[PDB]
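The figures here come from the full heavy-atom set of this structure, side chains too, leaving out hydrogens, waters and symmetry mates. Labels below follow one simple rule: chain letters A, B, ... track the order of the sequence lines, proteins then strands, and each chain is numbered from 1.
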Amino acid sequence: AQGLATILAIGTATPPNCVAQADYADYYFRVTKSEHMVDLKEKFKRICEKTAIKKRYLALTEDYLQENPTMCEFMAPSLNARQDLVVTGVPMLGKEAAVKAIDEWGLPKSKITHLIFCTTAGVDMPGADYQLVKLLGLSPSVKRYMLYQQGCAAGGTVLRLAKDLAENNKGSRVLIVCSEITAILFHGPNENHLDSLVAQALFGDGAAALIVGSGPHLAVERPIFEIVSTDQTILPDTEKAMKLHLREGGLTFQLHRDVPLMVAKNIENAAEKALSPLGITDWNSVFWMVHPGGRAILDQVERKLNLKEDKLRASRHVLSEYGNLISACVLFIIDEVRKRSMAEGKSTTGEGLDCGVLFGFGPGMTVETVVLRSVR
Amino acid sequence: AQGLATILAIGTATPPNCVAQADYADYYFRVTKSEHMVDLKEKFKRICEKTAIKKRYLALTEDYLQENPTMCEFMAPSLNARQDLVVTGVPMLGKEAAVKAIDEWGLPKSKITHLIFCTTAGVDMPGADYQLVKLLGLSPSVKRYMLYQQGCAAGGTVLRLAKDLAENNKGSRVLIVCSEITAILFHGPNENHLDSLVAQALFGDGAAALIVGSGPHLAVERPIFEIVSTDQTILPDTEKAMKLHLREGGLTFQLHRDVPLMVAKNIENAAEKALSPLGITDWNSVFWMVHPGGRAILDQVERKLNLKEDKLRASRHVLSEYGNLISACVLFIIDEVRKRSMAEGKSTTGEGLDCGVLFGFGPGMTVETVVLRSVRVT
C-alpha cells in the first residue's frame with residue numbers, strides 16, 4: 001500500500017458481569033469456600049487494595065464455579081471446564097468488540113481483507129479466528145493470523161503485525177481483535193504456592209477491535225493514529241519474570257516480584273531507541289500508552305522516564321476501570337487517550353501532542369515499543 | 001523492501017527414533033497393551049497399510065509411555081505429560097532444523113530480523129519462539145510471530161506471513177520454523193473412536209526451517225523459489241471436515257471420511273484463482289506441492305486436476321519417508337522438489353518448470369494456496 005499503516009476505528013466490549021475490587025476478596029474467598037484462611041484473606045484484601053483497580057468485568061460467574069468446582073481445587077484437573085467457557089466466549093466477546101469497530105469504520109465488512117485474532121485464553125481447531133469470520137460474516141477468503149497464548153505484550157504484537165500487513169497490501173484493510181477471558185487462570189487461594197494469588201486480583205476480561213489501513217480514504221475514513229514504528233526486544237536476564245504453563249488444572253501463573261525493577265532497568269533504552277530516530281529527547285513532549293501489568297510497573301516507568309504526574313492518566317484509567325486486560329489492555333488505552341482528547345478539545349488525537357509511545361510487557365521478559373503519530 | 005519474498009535456504013530435522021509403518025500396528029497395540037483388541041488391531045493394520053507411509057520419526061518413546069501410562073489410556077488426564085515432552089521438544093527439534101538452514105544460508109545469525117515459529121504441539125509462556133532465539137543465540141530484538149495450534153495448512157500460512165514481512169521491511173531476513181511433535185495427539189485404541197485411531201497411523205514428527213528475504217544479495221545468497229502470490233479461503237459447508245480440541249486427555253482428533261472429496265470439490269477453483277492471473281491454464285505445465293493430509297487427498301487432487309501420474313511424486317515421497325508432518329510437511333516437500341531437481345539436472349529448481357503451486361489443507365476446512373516461482377539452475 002501507500003502511506004503508514006493507520007488506525008481508523010476502535011471498538012471495545014466486556015462481559016456484562018461487573019465486580020467491584022472493593023468486594024472481590026469477600027466474594028473470591030466466599031466462592032472458593034476458603035473463608036477459614038483468614039490470614040490468607042487479609043493478605044489478599046491487601047493485594048486488592050494496592051492494585052489501583054476499581055472494578056473488573058468477568059465472563060466467569062459464580063454459577064459456573066458451582067457447576068465446575070474443580071476449578072476451585074488447586075491441583076484438580078479443570079482445563080476442560082475452562083476450555084468449554086473460553087473456546088466459545090473468547091470469539092463471542094471478540095465479535096462484540098468487532099461490530100463496534102466495523103460500525104465506527106462505517107465501510108462494508110467485505111472490504112476487510114485481513115483478520116488478526118489474538119488471545120491468551122484457550123485454544124481450539126478450527127481457531128477463534130474461524131469462529132469470528134463465521135460470527136461476523138467476513139469473506140471466506142479473508143487472510144487470517146491466529147495468535148494464541150500471546151500474553152501481556154501482544155497488544156503491541158497485533159499493531160506490529162498489522163502495520164506490515166496493511167503497508168505491503170495496497171487497499172488492504174486489517175481487522176485486529178484481541179479478546180481475553182481470564183477464566184483460564186482462575187485458581188482458589190493456596191497458602192503454599194501463593195503464586196497465582198496476585199493473578200486473582202489483577203486480571204479482567206475484555207476485547208478491543210481495530211480497523212487498520214494504509215492510504216485512508218479521507219472523505220469517509222477517519223484516521224485516529226498512524227503507526228510509525230514497532231520494536232520487540234527481550235530484556236537481558238529476565239526469563240524468571242513471568243511464566244505461565246497450560247496444564248490439566250488450567251493456565252498456571254508465576255510472576256517475579258521484581259518485574260517492575262526489570263522494567264525500570266530497561267525502559268529508557270526502549271524509549272531512546274524509538275524516539276531518538278525521530279529526533280525526540282524530551283519524554284514529556286510525547287504521549288504515553290503503557291500496559292498496566294500492575295500499578296508498580298506504571299510508577300516505575302513514570303519514575304524512570306521522569307514523566308509529569310498526569311502523563312499516565314489514560315493508562316491508570318483503564319487499569320482502574322477494567323483491571324489488566326492482558327493483550328487487549330493497551331488497545332483500550334489507545335481508545336481512552338483518543339476519546340479523552342476529543343472530549344477535552346485537544347488539537348490532536350494524542351492529548352494535543354504529535355507523537356506517542358505504547359509499551360506492552362510480556363513473558364521473556366518481552367517489551368514491545370510502538371511509536372504512534374497523532375492526527376490533526 | 002525489494003522484489004518478491006524469496007526462499008534462500010531450507011533445513012529439515014526429525015527425531016532420531018524411526019518406526020517402520022509395517023510394524024506400527026504391532027508396536028502400537030503392544031505398547032498400549034491393547035492386544036486383546038484383535039479385531040480393532042486388524043482394522044488398524046488395514047489403515048496403516050493404506051497410508052502410503054513407510055516410516056515415521058517419533059519423539060515419543062515407549063519408555064516415556066510406560067512412564068506416563070495415562071497417555072496410553074483411551075482417555076484419561078495426560079496433558080501435563082504431553083506438555084512435558086513437547087514444550088521442550090518442539091523448539092529443540094526446530095533448533096536442529098534452523099541450524100541447517102542457517103548453515104546453508106551462510107550469513108551471520110545476527111542478520112535474522114524476524115522469526116516465525118509455527119507448531120500444533122503444545123503451548124507455553126514464554127513461547128517456543130522465545131526458546132528458539134535462546135537456543136540459537138538470535139538477536140534479543142528479533143521480531144517474533146508465535147503461531148500456536150496452527151494445523152495442517154500452516155505450511156502455507158508461514159509462507160504467506162513471511163512474504164509480507166520480508167517485502168515490507170527493507171533488507172529484513174525472516175527465519176521460518178515449523179516444528180511438530182505428534183505426542184500431543186497420541187492415544188490408545190478405543191471402539192467407536194476411529195478418527196482418533198486413524199491419526200495414530202497418520203502423523204510423523206519433524207521440523208523445517210527457511211530463510212526468506214527480498215532483494216537477495218546475489219554474491220552470497222542463493223534464491224531457491226520466489227513467493228509470487230498467496231491465498232487463504234475457507235471451503236463452504238466443510239466445518240466438520242476436521243476438529244481438534246486440546247483437553248485434559250491431550251489433543252483430540254476428528255476427521256470426516258469425505259475430506260478427500262471436499263478437497264476434490266474445491267481444488268480446481270483454488271488452482272484457477274492462483275494461476276489465471278499468470279495466464280496459465282495448463283495444470284501439467286506447472287509443479288505441484290500438495291500437503292499429504294492423506295494418500296486419498298493426493299489421489300483426488302491428482303485425479304481432479306488430471307495431472308500426469310508422477311506429478312505428485314515429491315509430495316508422495318515425503319509422505320512415504322516421513323508421514324504427515326502437519327505444518328512442516330509441505331516445507332519438506334519444497335526441499336524435496338528443489339533437491340530432486342538439482343540432482344536430476346533440471347534447468348529449474350521446480351522440476352524444470354517455471355511456476356508451481358503449493359496447497360495447505362487445515363481445519364475450516366481451510367485451503368492455503370501459494371504460488372512459487374522456480375529459479376534457473378545455471
Side-chain angles (χ1 to χ4, degrees), chain A residues 7 10 12 21-22 48-56 152-153 155-156 159 202 204 206 208 223-229 259-276 278-325 328-361 367-376:
Chain A
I7 295 170
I10 311 159
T12 57
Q21 190 76 315
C48 290
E49 270 292 45
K50 330 249 194 101
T51 51
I53 296 177
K54 198 214 268 341
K55 59 178 169 74
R56 296 124 81 207
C152 305
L159 301 166
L202 250 180
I224 310 168
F225 289 110
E226 296 179 300
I227 314 164
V228 172
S229 71
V259 174
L261 289 177
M262 302 175 199
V263 177
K265 169 193 187 205
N266 295 280
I267 192 73
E268 290 161 89
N269 283 154
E272 313 174 289
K273 178 174 171 165
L275 289 71
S276 270
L278 281 9
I280 304 149
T281 49
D282 176 12
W283 309 147
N284 280 294
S285 67
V286 304
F287 60 95
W288 296 88
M289 287 143 302
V290 187
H291 179 83
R295 198 223 250 303
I297 296 185
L298 299 181
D299 295 340
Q300 284 293 353
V301 167
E302 182 183 277
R303 171 177 85 93
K304 275 272 136 263
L305 296 174
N306 227 248
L307 267 28
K308 292 189 277 167
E309 246 282 10
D310 283 331
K311 245 47 211 348
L312 302 183
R313 176 220 65 81
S315 310
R316 287 177 189 295
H317 180 90
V318 346
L319 174 65
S320 188
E321 296 301 332
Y322 303 94
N324 187 332
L325 302 167
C329 206
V330 279
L331 311 179
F332 274 62
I333 289 157
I334 299 181
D335 201 21
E336 178 48 39
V337 337
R338 130 265 212 344
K339 291 179 162 185
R340 200 61 27 233
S341 302
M342 299 309 321
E344 277 170 29
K346 291 306 155 71
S347 45
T348 76
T349 210
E351 321 188 315
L353 270 2
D354 282 335
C355 272
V357 177
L358 139 351
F359 288 125
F361 310 115
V367 179
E368 300 243 14
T369 307
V370 178
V371 170
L372 261 10
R373 175 171 293 131
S374 81
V375 166
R376 262 187 302 181

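Put simply, the side chain of A/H291 reaches to within 4.5 Å of the side chain of A/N324, judged on heavy atoms. Side-chain contact between A/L159 and A/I7 is present, with heavy atoms from C-beta onward closer than 4.5 Å. Inter-residue side-chain proximity for A/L312 and A/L307 is flagged as met; some heavy-atom pair is nearer than 4.5 Å.
Expressed to the nearest 0.5 Å, how far CZ of A/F361 lies from CE of A/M262 amounts to 13.0 Å. To the nearest 0.5 angstrom, A/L278 atom CG is 5.0 Å from A/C355 atom SG. Taken to the nearest 0.5 Å, the CZ atom of A/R303 stands 12.0 Å off from the CD1 atom of A/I267. A distance of 7.0 Å separates CG in A/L202 from OG1 in A/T51, rounded to the nearest 0.5 Å. Taking CD of A/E226 as the reference point, atom OG1 of A/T349 lies at 11.0 Å (rounded to 0.5 Å). A/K54 contributes atom NZ, which lies 5.5 Å from atom CD of A/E321 (distance to the nearest 0.5 angstrom).
A/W288 places a side-chain N or O within 3.5 Å of a backbone atom of A/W283 that can act as its donor or acceptor partner. Within the 3.5 Å criterion, the main-chain N or O of A/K346 finds a donor-acceptor partner in the side chain of A/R376. The backbone N or O of A/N306 lies less than 3.5 Å from a partner atom in the side chain of A/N284, making a donor-acceptor pair. Side-chain atoms of A/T348 come within 3.5 Å of backbone N or O of A/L353 as a donor-acceptor pair.
Considering every non-hydrogen atom in both A/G350 and A/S341, the closest pair reads C-OG, 4.0 Å. For the pair A/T369 and A/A274, the tightest heavy-atom approach, listed with the atom from each and the gap, is CG2-CB, 3.9 Å. Of all heavy-atom pairs between A/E351 and A/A314, the closest is OE2-CB, 4.4 Å. Scanning both residues, A/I280 and A/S285, for their nearest heavy atoms gives CG2-OG, 3.4 Å. Considering all non-hydrogen atoms of both residues, A/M289 and A/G356 come closest at CE-C, 4.3 Å.
Both tests pass for A/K55 against the ring of A/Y322: distance under 6.0 Å to the centre and angle within 45° of the axis.
With sequence neighbours left out, A/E302 forms a side chain to side chain donor-acceptor pair (under 3.5 Å) with A/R316.
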When the side chains of residues 329-337 of chain A are checked against the rest of the protein, which donor-acceptor pairs come out under 3.5 Å, sequence neighbours left out?
residue : atom : partner : partner atom : Å
A/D335  : OD1  : A/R338  : NE           : 2.8
A/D335  : OD1  : A/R338  : NH2          : 2.8
A/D335  : OD2  : A/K339  : NZ           : 3.4
A/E336  : OE1  : A/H317  : NE2          : 3.4
A/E336  : OE2  : A/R313  : NH1          : 2.7
A/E336  : OE2  : A/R313  : NH2          : 2.9
A/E336  : OE2  : A/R340  : NE           : 3.4

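No more than 12 heavy atoms of other residues, nucleotides or ligands sit less than 6.0 Å from atom CD of A/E49.
Paired with A/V301 under the rule side-chain contact (heavy atoms from CB on, under 4.5 Å), one option of A/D299, A/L305, A/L298 passes, and it is A/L305.
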In sequence, state the C-alpha distance, the side-chain angles, and the governing distance for A/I53 and A/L319, and then conclude on side chain to side chain contact (heavy atoms under 4.5 Å, CB included). CA-CA 6 Å; A/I53 296 177; A/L319 174 65; 3.6 Å; yes
Could you walk me through whether A/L372 and A/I227 pass the side chain to side chain contact (heavy atoms under 4.5 Å, CB included) test, one step at a time? CA-CA 5 Å; A/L372 261 10; A/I227 314 164; 4.1 Å; yes
